[PDB]
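Shown next: query_20.pdb, given as PDB, C-alpha atoms (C1' of nucleotides).
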```pdb
ATOM      1  CA  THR A   1     -55.961  71.378  43.993  1.00  0.00           C
ATOM      2  CA  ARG A   2     -55.095  74.027  46.587  1.00  0.00           C
ATOM      3  CA  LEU A   3     -54.631  71.182  49.084  1.00  0.00           C
ATOM      4  CA  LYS A   4     -52.391  69.356  46.590  1.00  0.00           C
ATOM      5  CA  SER A   5     -49.550  71.799  47.262  1.00  0.00           C
ATOM      6  CA  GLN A   6     -50.379  71.231  50.942  1.00  0.00           C
ATOM      7  CA  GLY A   7     -50.660  67.443  50.878  1.00  0.00           C
ATOM      8  CA  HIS A   8     -52.847  66.809  53.919  1.00  0.00           C
ATOM      9  CA  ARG A   9     -55.577  64.162  54.249  1.00  0.00           C
ATOM     10  CA  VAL A  10     -59.037  64.765  52.774  1.00  0.00           C
ATOM     11  CA  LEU A  11     -62.242  62.928  53.685  1.00  0.00           C
ATOM     12  CA  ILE A  12     -65.548  63.282  51.832  1.00  0.00           C
ATOM     13  CA  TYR A  13     -68.861  62.733  53.633  1.00  0.00           C
ATOM     14  CA  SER A  14     -71.725  61.875  51.275  1.00  0.00           C
ATOM     15  CA  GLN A  15     -75.228  60.868  52.334  1.00  0.00           C
ATOM     16  CA  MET A  16     -76.105  59.359  48.941  1.00  0.00           C
ATOM     17  CA  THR A  17     -74.330  56.241  47.698  1.00  0.00           C
ATOM     18  CA  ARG A  18     -74.817  57.184  44.037  1.00  0.00           C
ATOM     19  CA  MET A  19     -72.884  60.395  44.706  1.00  0.00           C
ATOM     20  CA  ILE A  20     -70.076  58.263  46.150  1.00  0.00           C
ATOM     21  CA  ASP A  21     -70.069  56.034  43.065  1.00  0.00           C
ATOM     22  CA  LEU A  22     -70.021  59.081  40.782  1.00  0.00           C
ATOM     23  CA  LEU A  23     -67.267  60.497  43.000  1.00  0.00           C
ATOM     24  CA  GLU A  24     -65.228  57.326  42.463  1.00  0.00           C
ATOM     25  CA  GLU A  25     -65.842  57.414  38.706  1.00  0.00           C
ATOM     26  CA  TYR A  26     -64.881  61.101  38.573  1.00  0.00           C
ATOM     27  CA  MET A  27     -61.846  60.654  40.837  1.00  0.00           C
ATOM     28  CA  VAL A  28     -60.659  57.626  38.845  1.00  0.00           C
ATOM     29  CA  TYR A  29     -60.050  59.789  35.763  1.00  0.00           C
ATOM     30  CA  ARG A  30     -58.056  62.316  37.828  1.00  0.00           C
ATOM     31  CA  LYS A  31     -55.413  59.696  38.769  1.00  0.00           C
ATOM     32  CA  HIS A  32     -56.259  60.175  42.460  1.00  0.00           C
ATOM     33  CA  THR A  33     -56.173  56.994  44.537  1.00  0.00           C
ATOM     34  CA  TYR A  34     -58.857  56.613  47.204  1.00  0.00           C
ATOM     35  CA  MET A  35     -61.137  54.087  48.896  1.00  0.00           C
ATOM     36  CA  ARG A  36     -64.899  53.896  49.391  1.00  0.00           C
ATOM     37  CA  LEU A  37     -66.444  53.142  52.789  1.00  0.00           C
ATOM     38  CA  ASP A  38     -70.094  52.067  52.778  1.00  0.00           C
ATOM     39  CA  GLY A  39     -72.406  49.419  54.212  1.00  0.00           C
ATOM     40  CA  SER A  40     -71.846  47.239  51.143  1.00  0.00           C
ATOM     41  CA  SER A  41     -68.394  45.638  51.342  1.00  0.00           C
ATOM     42  CA  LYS A  42     -67.682  42.975  53.946  1.00  0.00           C
ATOM     43  CA  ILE A  43     -66.013  43.673  57.288  1.00  0.00           C
ATOM     44  CA  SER A  44     -62.904  41.917  55.950  1.00  0.00           C
ATOM     45  CA  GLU A  45     -62.494  44.285  52.996  1.00  0.00           C
ATOM     46  CA  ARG A  46     -63.374  47.252  55.213  1.00  0.00           C
ATOM     47  CA  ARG A  47     -60.865  46.021  57.805  1.00  0.00           C
ATOM     48  CA  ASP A  48     -58.152  45.774  55.146  1.00  0.00           C
ATOM     49  CA  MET A  49     -59.025  49.225  53.786  1.00  0.00           C
ATOM     50  CA  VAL A  50     -58.979  50.701  57.297  1.00  0.00           C
TER      51      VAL A  50
ATOM     52  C1'  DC B   1    -122.245  77.070  73.503  1.00  0.00           C
ATOM     53  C1'  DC B   2    -119.725  76.656  69.020  1.00  0.00           C
ATOM     54  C1'  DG B   3    -115.833  77.313  65.917  1.00  0.00           C
ATOM     55  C1'  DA B   4    -110.924  78.189  65.090  1.00  0.00           C
ATOM     56  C1'  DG B   5    -106.338  76.677  65.795  1.00  0.00           C
ATOM     57  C1'  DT B   6    -102.266  74.714  67.888  1.00  0.00           C
ATOM     58  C1'  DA B   7    -100.187  70.616  69.496  1.00  0.00           C
ATOM     59  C1'  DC B   8     -99.412  65.764  69.852  1.00  0.00           C
ATOM     60  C1'  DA B   9     -99.851  61.395  67.912  1.00  0.00           C
ATOM     61  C1'  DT B  10     -99.536  58.462  64.093  1.00  0.00           C
ATOM     62  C1'  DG B  11     -98.940  56.241  59.617  1.00  0.00           C
ATOM     63  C1'  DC B  12     -96.919  55.644  55.210  1.00  0.00           C
ATOM     64  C1'  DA B  13     -92.988  55.772  52.100  1.00  0.00           C
ATOM     65  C1'  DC B  14     -88.201  55.694  51.014  1.00  0.00           C
ATOM     66  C1'  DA B  15     -83.486  54.494  51.702  1.00  0.00           C
ATOM     67  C1'  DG B  16     -79.824  51.913  54.079  1.00  0.00           C
ATOM     68  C1'  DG B  17     -77.988  47.630  55.365  1.00  0.00           C
ATOM     69  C1'  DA B  18     -77.754  42.746  56.524  1.00  0.00           C
ATOM     70  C1'  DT B  19     -78.294  38.158  55.242  1.00  0.00           C
ATOM     71  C1'  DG B  20     -79.517  34.513  51.945  1.00  0.00           C
ATOM     72  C1'  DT B  21     -78.522  32.913  47.316  1.00  0.00           C
ATOM     73  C1'  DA B  22     -76.082  31.368  43.190  1.00  0.00           C
ATOM     74  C1'  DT B  23     -72.673  31.224  39.944  1.00  0.00           C
ATOM     75  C1'  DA B  24     -67.792  31.875  38.701  1.00  0.00           C
ATOM     76  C1'  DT B  25     -63.372  30.010  39.580  1.00  0.00           C
ATOM     77  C1'  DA B  26     -59.292  26.722  41.349  1.00  0.00           C
ATOM     78  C1'  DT B  27     -57.296  22.715  41.989  1.00  0.00           C
ATOM     79  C1'  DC B  28     -55.612  17.762  42.557  1.00  0.00           C
ATOM     80  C1'  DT B  29     -57.444  13.267  41.544  1.00  0.00           C
ATOM     81  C1'  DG B  30     -60.205   8.930  40.062  1.00  0.00           C
ATOM     82  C1'  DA B  31     -61.224   7.747  35.664  1.00  0.00           C
ATOM     83  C1'  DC B  32     -61.877   8.149  31.185  1.00  0.00           C
ATOM     84  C1'  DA B  33     -58.577   8.130  27.327  1.00  0.00           C
ATOM     85  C1'  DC B  34     -54.828   6.223  24.570  1.00  0.00           C
ATOM     86  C1'  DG B  35     -51.090   3.435  22.737  1.00  0.00           C
ATOM     87  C1'  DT B  36     -48.462  -1.776  22.220  1.00  0.00           C
ATOM     88  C1'  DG B  37     -48.686  -6.068  20.992  1.00  0.00           C
ATOM     89  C1'  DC B  38     -51.779 -11.297  21.535  1.00  0.00           C
ATOM     90  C1'  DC B  39     -54.594 -13.991  19.952  1.00  0.00           C
ATOM     91  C1'  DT B  40     -58.636 -16.567  19.784  1.00  0.00           C
ATOM     92  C1'  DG B  41     -62.922 -16.249  19.269  1.00  0.00           C
ATOM     93  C1'  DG B  42     -65.388 -14.247  15.404  1.00  0.00           C
ATOM     94  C1'  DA B  43     -66.649 -12.521  10.399  1.00  0.00           C
ATOM     95  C1'  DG B  44     -66.806 -13.239   6.026  1.00  0.00           C
ATOM     96  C1'  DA B  45     -65.863 -15.688   1.286  1.00  0.00           C
ATOM     97  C1'  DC B  46     -66.540 -19.744  -1.378  1.00  0.00           C
ATOM     98  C1'  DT B  47     -68.929 -24.492  -2.969  1.00  0.00           C
ATOM     99  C1'  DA B  48     -72.604 -27.807  -2.352  1.00  0.00           C
ATOM    100  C1'  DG B  49     -77.211 -29.367  -0.662  1.00  0.00           C
ATOM    101  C1'  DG B  50     -81.829 -28.821   1.305  1.00  0.00           C
ATOM    102  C1'  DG B  51     -86.432 -27.006   1.864  1.00  0.00           C
ATOM    103  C1'  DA B  52     -90.413 -24.510   2.974  1.00  0.00           C
ATOM    104  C1'  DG B  53     -93.373 -21.053   1.583  1.00  0.00           C
ATOM    105  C1'  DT B  54     -94.910 -18.133  -2.632  1.00  0.00           C
ATOM    106  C1'  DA B  55     -98.273 -18.436  -6.314  1.00  0.00           C
ATOM    107  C1'  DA B  56    -102.288 -19.998  -8.745  1.00  0.00           C
ATOM    108  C1'  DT B  57    -106.624 -22.260  -8.594  1.00  0.00           C
ATOM    109  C1'  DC B  58    -110.953 -23.708  -6.525  1.00  0.00           C
ATOM    110  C1'  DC B  59    -114.329 -25.889  -3.351  1.00  0.00           C
ATOM    111  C1'  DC B  60    -116.937 -24.352   0.812  1.00  0.00           C
ATOM    112  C1'  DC B  61    -118.521 -22.107   4.926  1.00  0.00           C
ATOM    113  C1'  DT B  62    -119.011 -17.759   7.511  1.00  0.00           C
ATOM    114  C1'  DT B  63    -119.767 -12.885   6.679  1.00  0.00           C
ATOM    115  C1'  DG B  64    -122.740  -8.780   5.373  1.00  0.00           C
ATOM    116  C1'  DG B  65    -127.092  -7.606   3.873  1.00  0.00           C
ATOM    117  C1'  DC B  66    -132.815  -7.606   3.955  1.00  0.00           C
ATOM    118  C1'  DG B  67    -137.658  -6.661   7.186  1.00  0.00           C
ATOM    119  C1'  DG B  68    -140.208  -7.406  11.884  1.00  0.00           C
ATOM    120  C1'  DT B  69    -140.791  -7.635  17.388  1.00  0.00           C
ATOM    121  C1'  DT B  70    -140.795  -6.288  21.335  1.00  0.00           C
ATOM    122  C1'  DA B  71    -137.176  -4.944  25.087  1.00  0.00           C
ATOM    123  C1'  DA B  72    -134.086  -1.558  26.490  1.00  0.00           C
ATOM    124  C1'  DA B  73    -132.476   3.190  25.930  1.00  0.00           C
ATOM    125  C1'  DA B  74    -134.014   7.799  26.767  1.00  0.00           C
TER     126       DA B  74
END
```

Let me see the file written as structure tokens.
Amino acid sequence: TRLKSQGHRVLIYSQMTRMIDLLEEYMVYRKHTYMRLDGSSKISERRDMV
DNA sequence: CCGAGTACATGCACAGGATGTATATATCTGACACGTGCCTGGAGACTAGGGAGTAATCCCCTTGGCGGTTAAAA
């Protein structure tokens, strides 16, 4: 929220995938758009997201 | 000479990730699907005629039922 008045880029590094899923479920209710990068999605979807 | 301990090696377990799998979906197309009238081979109704098998007896063989003997089953 302090960075919201700033408006820079924020990246989250999580070792556990379940914490990334819970981070997407928690960030979805905050109306904050983001994307998840893991070893799950195909290189095409990761290439489009990148 | 023996015991304690530190160090190196190792093995097992967990988590990530890649690849195989299977179903959900999309779409244009051969083929079921559906009128439109034809008609001619069928399908049935209506008299008349035929006929073979059902039904009842009844005579007559072929079954099913008695006691031993050894031969085959055990």

Can you list, as a PDB file with C-alpha atoms, in the coordinates of the input, every protein, DNA or RNA residue that comes within 12 Å of segment 7-16 of chain B when you count all atoms listed in the file, leaving out same-chain residues fewer than 6 positions away?
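Result written to result.pdb:
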```
ATOM      1  CA  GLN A  15     -75.228  60.868  52.334  1.00  0.00           C
ATOM      2  CA  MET A  16     -76.105  59.359  48.941  1.00  0.00           C
ATOM      3  CA  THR A  17     -74.330  56.241  47.698  1.00  0.00           C
ATOM      4  CA  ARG A  18     -74.817  57.184  44.037  1.00  0.00           C
ATOM      5  CA  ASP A  38     -70.094  52.067  52.778  1.00  0.00           C
ATOM      6  CA  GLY A  39     -72.406  49.419  54.212  1.00  0.00           C
ATOM      7  CA  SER A  40     -71.846  47.239  51.143  1.00  0.00           C
TER       8      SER A  40
END
```

So how many Å separate atom CA of residue 24 of chain A and atom CA of residue 5 of chain A, to one decimal?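 So the answer is 21.9 Å.
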
Report as a PyMOL selection string the residues that result from applying the PyMOL selection byres ((chain A and resi 34) around 12) to the structure here. chain A and resi 9-12+20-21+23-33+35-37+49-50

Nearest candidate to chain A (options B:26, B:18, B:34, B:1; using all atoms listed in the file):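 For chain A, the nearest of the given residues is B:18.
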
Quick one: pull the distance between atom CA of residue 19 of chain A and atom CA of residue 6 of chain A, Å, one decimal. 25.7 Å

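The spacing separating atom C1' of residue 19 of chain B from atom CA of residue 44 of chain A amounts to 15.9 Å.
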